[PDB]
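Read the structure below first, then the notes.
Neighbour counts are summed over all protein chains in view; Cβ atoms, including those assigned to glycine, are modelled from backbone coordinates with ideal geometry. We did not get these values from a lab; they are worked out from the coordinates using the rules stated.
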């Protein structure tokens, strides 16, 4: 009484509605600190003349 | 050395016949690796075997 288990399991079955269907989420955290920058976007490297 | 948070190394290896002290000659060291670490280094220790 007044004591419960906090963790609960997500019901997953293919017959469940699309709204409750499990969705795998990937969250990218972009943080710019005082340290030097490394990761950058792609390159171009066009033709040479 | 460490400059602007960029630690650099210069390595040169040449054979010489030596007993003690050092040989007399000129040497120009070459880059080895560039390590954009950016930590404060006030001291160092030589690891032996």
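Report, ordered by the first and then the second residue, all pairs with beta carbons closer than 6 Å, sequence separation of six or more or different chains, a first member in region A:28-45 that is exposed (fewer than 10 other Cβ atoms within 10 Å of the Cβ), and a second member that is assigned to a loop (DSSP other than H, G, I, E, B).
none
Taking the condition of being touching a strand residue (DSSP E or B) at 6+ places or on another chain (Cβ under 9 Å) and loosely packed, with under 10 Cβ neighbours inside 10 Å, how many residues in region B:1-29 meet it?
Count: 3.
Within region B:1-32, restricting attention to residues that are within 14 Å of chain A (Cβ to nearest Cβ) and without any contact (Cβ under 8 Å) to a residue 12 or more places away in the chain, which residue is farthest from residue A:38 (Cα to Cα)?
Among residues in region B:1-32 that are within 14 Å of chain A (Cβ to nearest Cβ) and without any contact (Cβ under 8 Å) to a residue 12 or more places away in the chain, the one farthest from residue A:38 (Cα to Cα) is B:3.
Out of A:13, A:21, which single residue is surrounded by 10 or more Cβ atoms within 10 Å (Cβ to Cβ), out of contact with any strand residue (DSSP E or B) (no Cβ under 8 Å at 6 or more places or on another chain), free of Cβ contacts under 8 Å to residues at least 24 places away in the same chain and assigned to a loop (DSSP other than H, G, I, E, B)?
So the residue among A:13, A:21 that is surrounded by 10 or more Cβ atoms within 10 Å (Cβ to Cβ), out of contact with any strand residue (DSSP E or B) (no Cβ under 8 Å at 6 or more places or on another chain), free of Cβ contacts under 8 Å to residues at least 24 places away in the same chain and assigned to a loop (DSSP other than H, G, I, E, B) is A:21.
Among the residues that make up region B:33-42, is at least one of them touching a residue at least 24 places away in the same chain (Cβ under 8 Å), more than 14 Å from chain A (Cβ to nearest Cβ), in a strand (DSSP E or B) and within 30 Å of residue A:34 (Cβ to Cβ)?
Yes, region B:33-42 contains a residue that is touching a residue at least 24 places away in the same chain (Cβ under 8 Å), more than 14 Å from chain A (Cβ to nearest Cβ), in a strand (DSSP E or B) and within 30 Å of residue A:34 (Cβ to Cβ).
Only one of these is under 30 Å from residue B:4 (Cβ atoms) and in a loop (DSSP other than H, G, I, E, B): A:32, A:7. Name it.
Of the residues listed, the single one that is under 30 Å from residue B:4 (Cβ atoms) and in a loop (DSSP other than H, G, I, E, B) is A:32.
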